[PDB]
Ligand SMILES: *[C@@H]1O[C@H](CO)[C@@H](O)[C@H](O)[C@H]1NC(C)=O
Ligand SMILES: *[C@@H]1O[C@H](CO)[C@@H](O)[C@H](O)[C@H]1NC(C)=O
Ligand SMILES: *[C@@H]1O[C@H](CO)[C@@H](O)[C@H](O)[C@H]1NC(C)=O
Ligand SMILES: *[C@@H]1O[C@H](CO)[C@@H](O)[C@H](O)[C@H]1NC(C)=O
Ligand SMILES: *[C@@H]1O[C@H](CO)[C@@H](O)[C@H](O)[C@H]1NC(C)=O
Ligand SMILES: *[C@@H]1O[C@H](CO)[C@@H](O)[C@H](O)[C@H]1NC(C)=O
Ligand SMILES: *[C@@H]1O[C@H](CO)[C@@H](O)[C@H](O)[C@H]1NC(C)=O
Ligand SMILES: *[C@@H]1O[C@H](CO)[C@@H](O)[C@H](O)[C@H]1NC(C)=O
Ligand SMILES: *[C@@H]1O[C@H](CO)[C@@H](O)[C@H](O)[C@H]1NC(C)=O
Ligand SMILES: *[C@@H]1O[C@H](CO)[C@@H](O)[C@H](O)[C@H]1NC(C)=O
Ligand SMILES: *[C@@H]1O[C@H](CO)[C@@H](O)[C@H](O)[C@H]1NC(C)=O
Ligand SMILES: *[C@@H]1O[C@H](CO)[C@@H](O)[C@H](O)[C@H]1NC(C)=O
């Protein structure tokens, strides 16, 4: 039972690109069907880290659930949660991915961010977030009132620090700057911790994946050895 | 002739996890047998770099030898070589991997470390080392008497610098901090150089691998093309 | 129709190692034939990034064209374009890769470099460049009159900053220092931007690749699923 998907890419589907009306009551799947030359992927162009592995850790999924992880109403009273960009306009209305929140400062200097989530779903949780990369220091200051910020993400098995690189690139969809996307799988019983002083796009929704026994570690090269074994 | 292994992972076996009584007169093997859901892997939880490739560069091995590379008695007269952690307790006794030495300072400021080894085994040598990542600056100071240190590893074909990131993670096996593992293959005739001013877990033992003709470059994706060729 | 290649590696061929007389009227190919234990690869030893993927993005190619991207005569009036090294000596004459230019300063402090190229070939363009890593600060100063420099490379889909690490390694081909190689595929209509204040080896020639329909994204793991599908 292959999952049916339109003119969108997996990145668009998982990030929550408004242009993709994929919000349907679909649970498990054996395959993902994707247009070989998709258009509706990332609203704000940029690099999607480990994109190949995310089409291998979701190549076969059992029970699949979308749930809210960090509600905008209560999670960030001291920050702006309306980082809307006309980069894309569903119904001609500027909007952002429906699973992410682009946070900015207000009144004074961007207040420090310290939040965490504990996985009590009894399933592995896929958490997605981004890092903002301004085209200019003046724009970085406009959003965060600083010229120097970092994003740190910590879990039991994954730990990385992200540094924003300010530089102007060729315009893509009229964007001079760029957003990079990162993700990790949070094991049951663990905690994901986010710490930042600016240039953070926070997770809003997260996905719980049963996975089942359709794969091994899920990583690619582990979805081939099994395919070869099946032929042999 | 598959290699028999208990409830341990390859990481545990190669690092020297005391809980794994795998110290047997075993040389060559055609396969590695590993429990699909292993428990006895890394004593001090953390990230193991390039773990998939180390189960592909050792997927098929001819002559295999464990030898001492940097003896604790003579290699570090100016450092502590007893970085024991109760993280694990063989016979209920706190101990560390039997192939690695966690070095710390003594008396004064952690003395600078400059050591090297020349490969004269006529075989490729697998060298493993780690980098310490404190949960707090106070703990970094307790061990090294500094708040700023780096680890540099240089060879003919591999050259990387490691920077420790101090941050507290969720406790794993009661550990607030974390150790990352790195490795490289040193070609015959080359030299591996270690330079550091703190936060280093030095290699103690190293492995000489004949490898033979059971693989190509050894890298994965090079252990599949050959498998497909065999089917075809 | 496999491409015939001598005692050289792909890295040597694409970089332009003088010792490799592969400058022939060869266009498309279905396979690349390479000596399993090649000798004539990189003149100045060092690390070649993403080398496996460059033997998978060129595993099958249709029309293939070598063209000049940044002519030495007009592109750098304020820099030295004769960074010759005796590392190798075709006809016993010190020379450098015939697709790269090792730039150095002159008279005063290495002038800042800002250059770009727009892809109007209607084909994907493969751009190669390098980063210099001195064995000593004194040598870095001799070439660039500085002790601190960086290289930044920006495109629509790729954006990375390179930091040189000064350290002495074991001599390889009598070289105490080392050069690392990096590359990216520039899509039609995009622009590649190079910005640096030292330690840059600039692209001189670039390749236009038709590619055709002999592969998918071209990435490895995407050249295997197709091979397995063919068997099945
Ligand atoms: C994809 O685009 C084509 C052409 O506009 C359209 O006919 C098709 O319905 C689209 N797919 C979906 C799911 O809307
Ligand atoms: C979605 O794809 C259509 C082409 O069918 C394009 O016109 C539109 O701009 C795309 N929107 C986004 C957000 O990519
Ligand atoms: C917002 O700032 C006030 C200090 O003015 C602080 O007491 C409060 O806890 C902060 N709220 C959040 C969510 O950080
Ligand atoms: C966030 O906390 C760090 C110390 O951990 C501090 O140096 C930094 O200035 C704080 N951020 C802001 C905007 O004050
Ligand atoms: C692995 O664990 C099981 C269950 O305790 C035990 O019976 C088995 O002997 C263990 N394997 C080894 C090699 O000790
Ligand atoms: C080894 O595995 C056993 C479970 O059989 C567990 O109780 C013990 O704590 C583990 N020791 C280490 C060092 O992982
Ligand atoms: C230990 O320190 C002394 C200086 O007090 C130095 O002479 C000696 O060479 C050092 N030994 C090592 C192994 O670094
Ligand atoms: C190690 O040597 C470097 C210079 O290469 C020096 O800056 C550093 O302070 C030394 N380490 C210690 C603990 O003094
Ligand atoms: C490769 O080296 C061998 C041995 O010197 C030589 O005979 C052969 O002609 C070389 N290949 C090419 C293309 O020159
Ligand atoms: C090319 O290979 C030959 C061995 O046939 C070797 O003697 C020569 O030094 C190599 N030249 C380069 C630039 O690698
Ligand atoms: C060379 O330097 C002069 C300033 O003396 C500047 O006007 C000129 O544009 C520079 N040329 C290039 C190619 O950077
Ligand atoms: C290159 O420009 C930067 C500012 O973007 C400046 O800080 C740097 O010093 C310049 N390089 C040189 C050699 O002056």
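Indices start at 1 and increase along the chain as displayed.
Determination method: electron microscopy, 3.7 Å.
Each residue, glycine too, has its Cβ placed from N, Cα and C.
Listed in Swiss-Prot for this protein:
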DISULFID  A:8-A:20  disulfide bond
DISULFID  A:43-A:88  disulfide bond
CARBOHYD  A:7  N-linked glycosylation site
CARBOHYD  A:40  N-linked glycosylation site
CARBOHYD  A:78  N-linked glycosylation site
CARBOHYD  A:112  N-linked glycosylation site
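Distribution of Swiss-Prot features across the structure.
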{"residue": "A:7", "record": "N-linked glycosylation site", "DSSP class": "coil"}
{"residue": "A:20", "record": "disulfide bond", "DSSP class": "coil"}
{"residue": "A:40", "record": "N-linked glycosylation site", "DSSP class": "strand"}
{"residue": "A:78", "record": "N-linked glycosylation site", "DSSP class": "coil"}
{"residue": "A:88", "record": "disulfide bond", "DSSP class": "coil"}
{"residue": "A:112", "record": "N-linked glycosylation site", "DSSP class": "coil"}
Among A:43, A:88, the one of these disulfide-bonded residues whose Cβ has the fewest neighbouring Cβ atoms within 10 Å: A:88
Set of same-chain residues at least 6 away whose C-beta sits under 8 angstroms from residue A:40 (N-linked glycosylation site): A:6, A:7, A:8, A:9, A:12, A:17, A:19, A:20
Using Cα positions only, nearest of the recorded positions to residue A:112 (N-linked glycosylation site) (A:43, A:78, A:88): A:78
Glycosylation sites compared (A:7, A:112) - the one with the fewest other Cβ atoms within 10 Å: A:112
Nonlocal neighbours by CB distance (under 8 Å) for residue A:78 (N-linked glycosylation site), same chain, sequence gap 6 or more: A:106, A:111
C-beta crowding around residue A:20 (disulfide bond), within 10 angstroms: 20
